[PDB]
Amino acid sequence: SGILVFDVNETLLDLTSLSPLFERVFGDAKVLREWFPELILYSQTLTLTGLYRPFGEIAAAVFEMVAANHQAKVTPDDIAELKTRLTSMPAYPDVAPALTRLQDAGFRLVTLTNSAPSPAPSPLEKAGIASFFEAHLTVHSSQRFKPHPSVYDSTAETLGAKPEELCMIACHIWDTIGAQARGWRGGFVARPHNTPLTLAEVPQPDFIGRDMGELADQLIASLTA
């Protein structure tokens, strides 16, 4: 049927669980939407310049930088809390049902994350959805972040899969662009505050859903079309 390769943060696990930390530290939960793209930006900046540190370390460094930019005090407590929260985001209620549907429809399910491997229990284990997946891959051994081609290529290589058999699933259009550039298919789930980028020459997702249920409709539907 194909292998579906899921991004984890925000796609499967709820990033807005971090809003309280941003409310407290900045006086404004909306700073989440400044910090997050800065984190992704710096992850790609390190990749482009041949540098690497684990995603969580970058997340902490960027939190400190965004704080300084806001003239917001940060304490060691705030940094430990950022870490704890980033590694304990709950699954959206639509996730286990959609994964059940995709698995029962015959899809193989895998995760692929910027986040480095964690000790057991992983955030996916803690959220109760790890068991749907046959493998949990990360960029950590590549030491390059999405959407660097090495990430998708090494993933296909580990899975022993050809690009045509793979579909990258994410609520971030940078991730689906990355995969499709490598001849994978891409599926976009439109989590709050995420919409595609319409630009000439930039691939649009093969499949689009406003939530995981609707994306799963499209994925399952394309098995018989």
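All residue numbers refer to positions in the sequence shown, first residue = 1.
The mean C-alpha temperature factor is higher for 150-158 when 150-158 and 84-92 are set side by side. Two stretches are in play, 23-31 and 159-167, and the higher mean C-alpha B-factor belongs to 159-167. If you compare the C-alpha temperature factors of 197, 48, 190, 62 in the entry, 197 comes out highest. In this entry, the residue among 120, 99, 124, 110 with the greatest C-alpha B factor is 120. When all modelled residues of the chain are sorted by CA temperature factor, residue 10 is found within the lowest third. In the deposited entry, the Cα temperature factor of residue 208 sits in the top third of values across the chain's modelled residues. When the modelled residues of the chain are ordered by their C-alpha B factor, residue 215 lands in the middle third. Ranked by C-alpha B-factor against the other modelled residues of its chain, residue 182 falls in the highest third. In the deposited entry, the Cα temperature factor of residue 70 places it in the highest third of its chain's modelled residues.
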